[PDB]
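Asker:
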Amino acid sequence: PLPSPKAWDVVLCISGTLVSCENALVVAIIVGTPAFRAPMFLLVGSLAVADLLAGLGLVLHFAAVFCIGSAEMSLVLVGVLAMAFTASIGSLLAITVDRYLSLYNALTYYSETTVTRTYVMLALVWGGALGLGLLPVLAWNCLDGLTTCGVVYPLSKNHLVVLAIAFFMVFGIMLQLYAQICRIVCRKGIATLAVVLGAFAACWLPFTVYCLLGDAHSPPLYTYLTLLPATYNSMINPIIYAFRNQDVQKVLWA
Amino acid sequence: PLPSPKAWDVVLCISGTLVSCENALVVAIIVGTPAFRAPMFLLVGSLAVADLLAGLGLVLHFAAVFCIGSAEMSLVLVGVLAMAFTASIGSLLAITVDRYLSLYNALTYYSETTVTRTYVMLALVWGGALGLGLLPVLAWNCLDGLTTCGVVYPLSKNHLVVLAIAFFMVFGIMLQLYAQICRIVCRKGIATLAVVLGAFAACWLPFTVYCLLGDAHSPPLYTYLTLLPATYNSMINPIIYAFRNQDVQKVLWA
Amino acid sequence: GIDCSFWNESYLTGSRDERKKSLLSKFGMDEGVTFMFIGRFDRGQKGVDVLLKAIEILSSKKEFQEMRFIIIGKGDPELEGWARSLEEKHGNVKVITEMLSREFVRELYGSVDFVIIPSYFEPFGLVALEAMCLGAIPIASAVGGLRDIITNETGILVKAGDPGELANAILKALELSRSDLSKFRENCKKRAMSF
Amino acid sequence: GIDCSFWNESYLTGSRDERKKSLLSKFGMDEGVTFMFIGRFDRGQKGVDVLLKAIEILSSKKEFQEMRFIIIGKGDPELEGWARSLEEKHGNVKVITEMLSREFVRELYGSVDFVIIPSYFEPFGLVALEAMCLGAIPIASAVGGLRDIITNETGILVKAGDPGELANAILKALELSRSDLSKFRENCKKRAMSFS
Ligand SMILES: CCCCCCCCCCCC(=O)OC[C@H](COP(=O)(O)OCCN)OC(=O)CCCCCCCCC
Ligand SMILES: CCCCCCCCCCCC(=O)OC[C@H](COP(=O)(O)OCCN)OC(=O)CCCCCCCCC
Ligand SMILES: CCCCCCCCCCCC(=O)OC[C@H](COP(=O)(O)OCCN)OC(=O)CCCCCCCCC
Ligand SMILES: CCCCCCCCCCCC(=O)OC[C@H](COP(=O)(O)OCCN)OC(=O)CCCCCCCCC
Ligand SMILES: CC(C)Oc1cc(Cl)ccc1CNc1cc(-c2ccccc2)nc2ncnn12
Ligand SMILES: CC(C)Oc1cc(Cl)ccc1CNc1cc(-c2ccccc2)nc2ncnn12
Ligand SMILES: CCCCCCCCCCCCCCCCCCCCCCCCO
Ligand SMILES: CCCCCCCCCCCCCCCCCCCCCCCCO
Ligand SMILES: CCCCCCCC/C=C\CCCCCCCC(=O)NCCO
Ligand SMILES: CCCCCCCC/C=C\CCCCCCCC(=O)NCCO
Ligand SMILES: CCCCCCCCCCCCCCCCCCCCO
Ligand SMILES: CCCCCCCCCCCCCCCCCCCCO
Ligand SMILES: CCCCCCCCCCCCCCCCCCCCO
Ligand SMILES: CCCCCCCCCCCCCCCCCCCCO
Ligand SMILES: CCCCCCCCCCCCO
Ligand SMILES: CCCCCCCCCCCCO
Ligand SMILES: CCCCCCCCCCCCO
Ligand SMILES: CCCCCCCCCCCCO
Ligand SMILES: CCCCCCCCCCCCO
Ligand SMILES: CCCCCCCCCCCCO
Ligand SMILES: CCCCCCCCCCCCO
Ligand SMILES: CCCCCCCCCCCCO
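Chains as they are written, first to last, in the authors' numbering: chain B, 36 to 221, 243 to 310; chain A, 36 to 221, 243 to 310; chain C, 1001 to 1195; chain D, 1001 to 1196.
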């Protein structure tokens, strides 16, 4: 109420609403049709759930700082966004490793060890997301003072550095996974891989790099200006991974 | 008035001496016998040259800042050490890539494309080492007094962060490569792979992590305590990659 | 993946009709449209049984005499015996259980009119691209991987594990004209090389 | 890599002597120590030419009548014709150019005394491990990959591309006794199972 929202917050609430709508549609399609139960669809549904959580968290956070004054709710909803982004970046790695193993294990991928593997990967993704989105609501918080707040106010500075380190470790794995998929494929199938990897790098590098070169005393505009592309990465994930499928399109034209 | 050496400076000087001795032995062995001209031996020789440069740089830097008083000679040697460490890590990555491709490209590895690939890898490794080891000279150093000096005095904070980002990307690539080597092999082989990767990680994560959590005002002791394991890694590389070969050993016994 | 300098029509000397006639004479069958299936034999991954059932269904038709079938593969001895029995029953069917060299495979691709790929799951589909590069019209299941490669203008698409639809597609392809076949071969070559 | 369960002697009911005798009768050769080579034929990667030259050199020896050879592979038609000519010339040589199912390979490994792997280069060596898992004593070139797997107590080592040395190694292995052969087979099984 009192804080008098600023022109850079509405632009983020509307992005949250758009992401929420897109991924709600995708999740409804996946859950409604009982034929979509292969590991590919489980992973692509986990991705959609993560990006729906991120969007709803953005909307609720904007509605809890400028309409319902409450510090507790804002602190709780920052952890939800951290968990949503961590899970949304883990689901991409799970999808890519599934793609590579299906292209490689052409005859072993269709056994019953591809379901145990998928369950293990989902557990790892949604356990890491909760372990690394449990810190704001836990010791590593900067609310009490004397803990050197990071570029995002409630979060600490060690927590954000750990998140950036994990992202750069996981970014390197994707480079090798795509370098292995290129050999199997390899002109029009390399351009698509390049575009899909560029849409991820160009969207997530800005924040994770400013996260290490920034400080609590930096201008507040850079956080908005580098965290907007990260939000827009959850708007193109459904298009790349869900709406480009042909069964999903068939179910959608009804 | 030359500064008085400390205990840690003497420790690093002797470590550099030992590294220089080992890697000089390895390089002499490889360059002596004309039978060692396969790509593996080229990559191992590059690794040995990088480690020898690092050790000689350590010795000369100790001798250039405490005996030959000089402020312009102790700045080139920091760049030399940065280049040596970057080239050492690049050579490790090239060796791992070559091993993986030899275990995978069983029939196409023995061709001319292998030689071309090895030359491309060497060019990339040393070009990157020189590109990321010329920044201390002019592009980025805190000597002027307005560039937010980093944990290592002559270097800058914006340069020691790019180095860490690159290291973590390379570490992720190495994890993926070792995953595909484990799949091809698979408990002696897995145990050896785990030991060889654990040595590298346990030696290089301390510095690269303290490199992001440290300021210019932190105690100077943490520099030496995190930068000593890197020298130890440069010390144990020849044992893992050169002296464990069964062709180098016969020449050693000669 | 696909070697564009290994799979080409340049390495073949004679014309398409001449190579087809020579191959058919070597196999001891008269001139006609020939359909080739190459792959492993098994239960539910490559679906040779689907092709065999489709052939059995078509046997009762009058036009079956105008079709030639070459089946190459290995696996369950029961399926091998079934294929051998089908070969014995009909003179326009041949089975080759031996392993063939890449040169023979490329010659076949350049000789046979249509390549049948009724697999239940084909994540990538090397066989389709290799057959297309030499100008062979495919008839593949509409599963992932094969659907991306084969468009409506470069072949046929059939539902997986539906012998009736496979037989219908074979019958429909039996009536394509020579000019349409040449246009389809050119389109297939363009699509295969584009990837 | 190695299943460690697909390959095992338990899946074969017959004993070593009975299985070997049945296999030799199927190929129409009398009982005796048999050496098997499996792999593609090519100029300088798998090395069937060295084995064929060693066989030709040994042919002039009297003991060559005590050795049986099974050669499985495909490739250059010239080498195939050479192997066929050797098979025709001598009754103790057989060639199988056709492809074989994994069950047939498993049965072979458990029947033939020695498996020859004279490869010029072999980074990993699946063939050696698969043969050892079924108690087959290998005779492999001392190149990378095969050197690590095979020690002094688990087989023989020979210089790459040396027909004379390969023939000498075959002749030396000809004198190994039955008890020593059983001990070597057990050691090979242990090494293959433990090694990953
Ligand atoms: C073949 C038929 C398959 C039947 C269905 C299998 C379920 C697999 C999971 C579906 C995808 C998913 O989004 O998971 C979200 C939940 C959490 O969502 P949260 O509410 O936003 O956050 C709370 C954090 N948990 O996460 C998980 O899946 C947890 C991992 C469980 C995987 C193993 C399930 C065991 C089944 C035997
Ligand atoms: C391939 C990508 C690799 C990713 C590499 C990064 C791993 C991170 C390892 C340690 C850091 C960490 O997780 O924080 C500790 C948490 C935080 O708790 P607290 O605030 O310190 O509590 C103190 C209370 N006073 O500890 C936990 O909560 C335990 C969960 C650890 C989560 C790691 C899961 C990783 C699975 C992939
Ligand atoms: C197979 C036949 C044998 C041919 C042998 C020549 C091939 C190249 C071998 C280089 C191996 C090496 O040890 O690199 C050290 C130098 C750098 O040493 P610096 O003095 O400490 O640092 C100065 C920075 N350059 O490596 C290189 O310079 C990399 C050269 C890249 C080009 C590859 C060779 C091109 C020749 C056709
Ligand atoms: C595979 C994972 C590893 C990936 C490596 C990512 C790092 C790439 C970023 C290079 C940017 C940089 O720091 O350049 C520094 C100098 C410039 O310093 P200046 O601008 O002159 O300072 C101010 C001057 N007044 O760059 C150069 O000199 C140009 C060479 C860039 C070298 C990058 C080679 C990478 C090859 C792998
Ligand atoms: C999700 C997590 C495991 O991702 C990774 C983590 C590390 Cl430390 C290294 C690598 C990867 C992804 N590469 C990978 C994973 C798996 C896999 C098998 C079983 C369960 C789960 C994953 N198998 C694979 N085969 C070839 N790459 N590869
Ligand atoms: C040194 C540098 C190239 O290392 C990498 C860099 C990136 Cl961005 C991604 C990956 C890797 C290493 N993985 C890799 C490299 C090459 C390769 C081919 C030609 C020249 C040089 C290298 N081929 C491969 N095949 C399967 N992985 N793989
Ligand atoms: C302080 C200044 C920092 C500013 C940083 C700004 C960086 C710019 C980021 C821009 C965000 C958008 C990047 C999306 C690119 C992907 C294209 C669309 C792909 C979807 C169709 C693919 C279909 C076939 O695959
Ligand atoms: C306040 C700062 C504190 C941080 C201090 C961190 C210290 C971490 C220890 C790091 C030094 C230990 C290095 C381990 C190497 C182990 C492997 C040995 C391999 C030998 C060859 C085997 C050959 C078969 O392959
Ligand atoms: C197998 C495990 C997978 C782990 C992968 C790790 C990726 C984590 C990287 C990056 C995660 C970045 C998290 C965003 C920071 C918080 C954004 C925010 O707080 N916005 C507040 C609204 O103002
Ligand atoms: C294909 C390209 C490969 C690039 C890999 C990048 C790895 C770089 C990582 C790490 C490099 C760390 C460099 C050490 C910092 C300087 C140490 C120092 O200055 N000591 C001064 C003495 O007091
Ligand atoms: C998948 C394999 C990964 C290997 C392990 C990665 C560990 C590095 C991440 C940071 C560790 C955690 C860094 C320490 C926490 C920072 C604060 C401590 C000091 C308090 O004053
Ligand atoms: C393939 C597509 C890649 C596109 C992205 C390239 C990398 C962007 C770098 C972000 C720079 C991030 C800029 C940081 C701004 C300065 C902060 C200093 C604050 C001091 O207090
Ligand atoms: C290996 C290929 C994958 C793609 C890699 C992209 C590059 C990422 C690192 C960007 C570091 C870029 C950091 C730039 C530092 C900017 C500071 C400017 C001055 C502040 O006042
Ligand atoms: C994976 C195999 C085993 C080896 C793993 C070792 C990894 C340990 C990371 C230590 C981080 C060490 C970072 C310590 C930071 C010190 C405090 C900074 C104070 C700033 O003023
Ligand atoms: C996806 C972004 C769409 C454009 C939103 C523009 C909103 C700007 C509002 C600034 C003034 C307050 O109403
Ligand atoms: C990629 C889409 C970007 C559109 C939103 C950019 C912001 C436009 C409105 C200006 C807000 C600053 O006052
Ligand atoms: C940092 C997390 C790495 C953990 C990897 C776990 C691998 C477990 C193997 C499960 C085997 C399923 O085939
Ligand atoms: C750095 C990217 C590394 C992978 C590029 C590979 C592209 C050419 C491979 C062609 C040969 C297929 O086996
Ligand atoms: C293998 C690592 C050897 C570490 C040697 C450290 C010895 C330091 C003793 C002197 C420290 C100054 O009080
Ligand atoms: C790498 C460890 C072996 C070197 C030990 C040297 C310790 C010297 C510390 C005492 C300083 C004497 O001036
Ligand atoms: C930043 C690193 C970029 C690596 C790209 C290298 C691709 C070159 C392929 C050369 C041909 C290999 O046979
Ligand atoms: C996260 C570590 C990933 C590597 C898993 C590979 C080891 C599991 C057994 C693989 C079975 C052989 O194909």
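Every residue gets a Cβ at the ideal spot worked out from N, C-alpha and C, and that includes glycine.
Can you give me, in chain order, the residues of the segment 120–144 of chain B that have a beta carbon less than 7 Å from any beta carbon in chain C?
Answerer: Cβ contacts with chain C: 137, 138, 141, 142.
Asker: Figure out for me which residue from D:1070, D:1065, D:1066 has the closest Cα to the Cα of residue 1026 of chain D.
Answerer: D:1070
Asker: Starting from residue 180 of chain A, find everything on chain B with Cβ-Cβ shorter than 8 Å and list it in chain order.
Answerer: Going along chain B, no residue has its Cβ under 8 Å from residue 180 of chain A, so there is no contact; the nearest lies around 19 Å.
Asker: Thinking C-beta only, is residue 1141 of chain D closer than 7 Å to residue 1118 of chain D?
Answerer: yes
Asker: Taking a contact to mean a Cβ-Cβ separation below 7 Å, would you say residue 1143 of chain D touches residue 1128 of chain D in this structure?
Answerer: no
Asker: Would you mind giving the Cβ-Cβ distance between residue 94 of chain A and residue 294 of chain A, rounded to the nearest angstrom? I have them listed as a contact below 8 Å.
Answerer: The C-beta separation of residue 94 of chain A from residue 294 of chain A comes to about 17 Å, leaving the pair out of contact by the 8 Å criterion.
Asker: How many Å lie between residue 1193 of chain D and residue 305 of chain B at the Cα?
Answerer: 50 Å
Asker: Between residue 206 of chain B and ligand 10, is there a pair consisting of the residue's CB and a ligand heavy atom that are separated by less than 6 Å?
Answerer: no
Asker: For residue 1121 of chain D, return the contacting residues in chain A, with the cut-off set at a CB-CB distance below 8 Å.
Answerer: 145
Asker: What runs of the beta strand (DSSP E), each 3 residues or longer, lie entirely inside the segment 1142–1191 of chain C?
Answerer: 1156–1158
Asker: Beta-carbon within less than 7 Å of residue 262 of chain A's beta-carbon, same chain only, minus the 5 sequence neighbours each way: which residues are those?
Answerer: 282, 285
Asker: Quick one: list the residues of chain B neighbouring residue 1043 of chain C, beta-carbon separation under 7 Å, in chain order.
Answerer: Here the premise fails: no neighbours, minimum Cβ distance about 11 Å.
Asker: Rounded to the nearest angstrom, what separates residue 1045 of chain C and residue 197 of chain A at their Cα positions?
Answerer: 48 Å
Asker: Taking 8 Å as the limit between beta carbons, can you name the residues of its chain near residue 124 of chain B, skipping five residues before and five after?
Answerer: 202, 205, 260
Asker: If you measure beta-carbon to beta-carbon, which residues of the segment 1144–1174 of chain C are closer than 7 Å to chain B?
Answerer: 1147
Asker: Mind checking the segment 1095–1111 of chain C against chain D and listing, in chain order, the residues whose C-beta falls within less than 9 Å of any C-beta there?
Answerer: For the segment 1095–1111 of chain C, the residues whose beta carbon sits under 9 Å from a beta carbon of chain D are, in order, 1097, 1098, 1099, 1101.
Asker: Which chain C residues are close to residue 302 of chain B, counting only those with a beta carbon under 7 Å from its beta carbon?
Answerer: Those within 7 Å of residue 302 of chain B in chain C are 1147.
Asker: Which residues neighbour ligand 1 when neighbourhood means a C-beta less than 6 Å away from any of its non-hydrogen atoms? List them by chain order.
Answerer: B:72, B:77, B:80, B:81, B:84, B:88, B:154, B:157, B:158, B:161, B:165
Asker: Taking C-alpha atoms, which residue in D:1108, D:1058, D:1080, D:1064 lies nearest to residue 1040 of chain D?
Answerer: D:1080
Asker: Which whole-angstrom value is the C-beta distance of residue 1166 of chain C and residue 1054 of chain C, which I expect to be below 8 Å?
Answerer: 4 Å
Asker: What is the DSSP secondary structure of residue 1138 of chain C, counted as helix, strand or coil?
Answerer: strand
Asker: Which runs of the alpha helix (DSSP H) spanning at least 4 residues fall entirely within the segment 139–168 of chain B, listed in chain order?
Answerer: 148–166
Asker: Could you tell me which of B:52, B:110, B:101, B:103 sits nearest to residue 86 of chain B, measuring between CA atoms?
Answerer: B:52
Asker: I'd like to confirm the pairing. Which residues does DSSP put opposite residue 184 of chain A in its beta bridges?
Answerer: Per the DSSP secondary-structure output, residue 184 of chain A pairs in a beta bridge with A:191.
Asker: Consider the Cβ of residue 1141 of chain D: report whether some Cβ of chain A lies at a distance smaller than 7 Å.
Answerer: False, the Cβ-Cβ gap to chain A never drops below 7 Å.
Asker: Could you tell me whether any Cβ in chain B is nearer than 7 Å to the Cβ of residue 156 of chain A?
Answerer: no
Asker: Report the option in A:99, A:107, A:114, A:65 whose CA atom is closest to the CA atom of residue 88 of chain A.
Answerer: A:114
Asker: Using a Cβ cut-off of 7 Å (strictly closer), state whether residue 1001 of chain D contacts chain A.
Answerer: yes
Asker: Taking 6 Å as the cut-off, is the C-beta of residue 258 of chain B nearer than that to any heavy atom in ligand 16?
Answerer: no
Asker: Per the contact definition of three or more C-beta pairs closer than 8 Å, is the segment 1090–1107 of chain C in contact with the segment 1027–1036 of chain C?
Answerer: yes
Asker: Mind pulling the chain A residues with CB within less than 8 Å of residue 289 of chain B?
Answerer: By Cβ distance, chain A contributes nothing, its closest Cβ being about 19 Å from residue 289 of chain B, past 8 Å.
Asker: In the DSSP assignment, what residue or residues form a beta bridge with residue 1071 of chain C?
Answerer: C:1037, C:1095
Asker: Alpha carbons only, please: which of B:271, B:150, B:256, B:307 is nearest the one belonging to residue 77 of chain B?
Answerer: B:150
Asker: Hey, is residue 1069 of chain C's beta-carbon within less than 7 Å of any beta-carbon in chain B?
Answerer: no
Asker: So for residue 301 of chain A, helix, strand or coil by DSSP?
Answerer: coil
Asker: Quick check: is any heavy atom of ligand 9 less than 6 Å from the C-beta of residue 52 of chain B?
Answerer: no
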